[PDB]
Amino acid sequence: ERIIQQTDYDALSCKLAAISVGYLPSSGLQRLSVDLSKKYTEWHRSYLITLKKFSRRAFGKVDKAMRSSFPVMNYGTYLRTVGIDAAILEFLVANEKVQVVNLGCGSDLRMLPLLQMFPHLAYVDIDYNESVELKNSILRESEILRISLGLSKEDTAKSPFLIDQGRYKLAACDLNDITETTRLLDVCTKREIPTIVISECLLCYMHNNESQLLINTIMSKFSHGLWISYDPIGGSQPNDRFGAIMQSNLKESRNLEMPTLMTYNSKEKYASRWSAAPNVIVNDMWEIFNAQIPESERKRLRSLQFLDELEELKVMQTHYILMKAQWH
């Protein structure tokens, strides 16, 4: 599905806006060095310019959305990114030899600093064929991105990978197809290695059968895991139109669906999908803003742009959640 694939352009636009303004990198929360903080910005800037070489249409969409980004949206992107990263980093620090599987990775570049930071990390990026082909093109065309992953300019990887370069793999898969998915995982991961699974704005685009089988199958496949999921929720308090409005706005405007947004309309309902894991934690992103962001960071962000409407930020961010499920 082209339309589902193109939701990544929004995610990338948001990432680039946050970096351009300076919300990210957050060197404390993302545990970046002086050099990697610089590279973080450089890598993303290069991605954008390289995207332009490969697609006028995609660049246009990203470019226009990124320059029109509002502060409330930038705070969202910041919270989403440092929330996920904080969870990843705690686990990688504790477990030196680990494998990360990023499900529906789109244009995500968090592997670039992570692979440098953690010598025994192995990382697998998975998305639809058309999406990974574009990412592969970009990563190999840009000199600084090539250097960051040790890539040849040429496509030297053999099916089933587009990149198969040591501790990093990029592979096409339709994650609605569990047989394809398990066959892929069988040749790029091992059962016994501690595993982080990432689903950042992936599961919201799936029907419940597909998302549940994906969760159940992948938790069954690895002995020792942490699943970090980020997604919107419809909202549970009465007279909360957020979910209804979002679904209507997405169908009307873009012919896009979020099939379980109203089903899993609270953080509790959402987290229940991982109830086979013994250790499940869920917070909305306002809770993250108030309890996990240090005061030093709130002050920094206040220096970048005016957030004139803090309540509006709250109303939005209570509709995004970060779920951490751990099993062994």
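The first residue of the sequence shown is number 1, and the count goes up from there. The term rigid core refers to the maximal set of C-alpha atoms that superpose within 1.5 Å between the two forms.
Greater root mean square CA deviation, 153 to 161 compared with 192 to 200 in 5 other deposited structures of this protein, core aligned: When 153 to 161 and 192 to 200 are compared in 5 other deposited structures of this protein, the bigger C-alpha shift is seen for 153 to 161.
Of 156 to 164 and 93 to 101, the one with larger mean CA B-factor: Averaged over C-alpha atoms, the B-factors run higher in 156 to 164.
Stretch with the higher entry mean CA B-factor, where the candidates are 131 to 139 and 177 to 185: Stretch with the greater average CA B-factor: 177 to 185.
Highest-ranked of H120, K251, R110, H207 once sorted by CA temperature factor in the record: Of the candidates given, the C-alpha B-factor peaks at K251.
Options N283, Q30, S69, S46 - largest CA temperature factor per the record: Largest recorded C-alpha B-factor: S69.
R300 CA temperature factor, ranked by third within the chain: Middle third - that is where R300 ends up once the chain's C-alpha B-factors are sorted.
Within-chain third of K38 by Cα B-factor, per the entry: Ranked within chain, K38 CA B lands in the middle tercile.
B-factor third for the C-alpha atom of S55 within its chain: Tercile = lowest for this residue's CA B-factor.
Ranked against its chain, the third holding the CA B-factor of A244: Answer is highest: the recorded C-alpha B-factor places it there.
Third of the chain's Cα B-factor distribution that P194 belongs to, per the entry: For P194, the deposited C-alpha B-factor lands in the middle third.
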